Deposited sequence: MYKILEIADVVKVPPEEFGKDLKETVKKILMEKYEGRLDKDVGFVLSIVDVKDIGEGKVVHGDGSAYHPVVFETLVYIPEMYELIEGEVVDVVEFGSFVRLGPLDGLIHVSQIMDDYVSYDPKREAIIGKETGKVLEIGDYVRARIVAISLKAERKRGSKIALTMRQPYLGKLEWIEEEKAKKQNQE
């Protein structure tokens, strides 16, 4: 899932920046501090969208920086258990297929791709009885079955009804019409 969060914080502005635009300076500091961070509860911080409020600066002894209370908005990516997702296969190995979900990828272990005997062809995952094939570039619909975010592993499966490579789903619809 993707979310926009409203966050209250206190931003430290060094004296070397006192001549620059306050909002731009605060935004830059927030970007350097939080973008790229991965939090188990919050998710992956993708962007500091905007700074919505900046209070008066406070100065504490022994410190030359100005501490400003602020409220900023941020876009985050957060995987959720049992979530239905759609993504692109970016790597296929003998033990599974990696699927891009945004800034993070999920892994469909080789035994969770399809209900069939599969084999990895060094020269895509192929089903022996169905002929179904999964290779880099394919779009898939899957479900998250395991999450381990470390400030990482996201496990995916398509071995449930209504899941699979998009083309397989479209074919099923055609037959059922």
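S.K.: Give the ranges of the deposited sequence, numbered from 1, for which the structure holds no C-alpha coordinates, in sequence order.
M.R.: Coordinates drop out over 124 to 125, 154 to 158, 185 to 187.
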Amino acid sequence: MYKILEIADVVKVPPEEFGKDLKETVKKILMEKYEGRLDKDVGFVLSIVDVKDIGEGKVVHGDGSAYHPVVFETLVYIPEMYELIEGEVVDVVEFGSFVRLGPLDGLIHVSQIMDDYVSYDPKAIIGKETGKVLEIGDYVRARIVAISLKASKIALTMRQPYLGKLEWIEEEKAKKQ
From here on, numbers count along this sequence of modelled residues.
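S.K.: Averaging the C-alpha B factors as listed in the entry, name the stretch that ends up higher: 130 to 138 or 22 to 30.
M.R.: The recorded data point to 130 to 138.
S.K.: Looking only at CA atoms, which has the higher mean B factor in the entry: 108 to 116 or 31 to 39?
M.R.: It is 108 to 116.
S.K.: Return the residue from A174, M1, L5, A8 that has the highest Cα B-factor in the entry.
M.R.: Of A174, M1, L5, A8, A174 has the highest C-alpha B-factor.
S.K.: Choose from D91, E94, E88, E83 the residue with the greatest Cα B-factor as stated in the PDB record.
M.R.: The listed residue with the largest C-alpha B-factor is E94.
S.K.: Looking at the temperature factor on the CA atom of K153, which third of the chain's modelled residues does it land in?
M.R.: Answer is highest: the recorded C-alpha B-factor places it there.
S.K.: Would the CA B-factor of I125 place it in the lowest, middle or highest third of its chain?
M.R.: Highest third.
S.K.: Lowest, middle or highest third: which one holds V49 when the chain's residues are ordered by CA B-factor from the entry?
M.R.: Lowest third.
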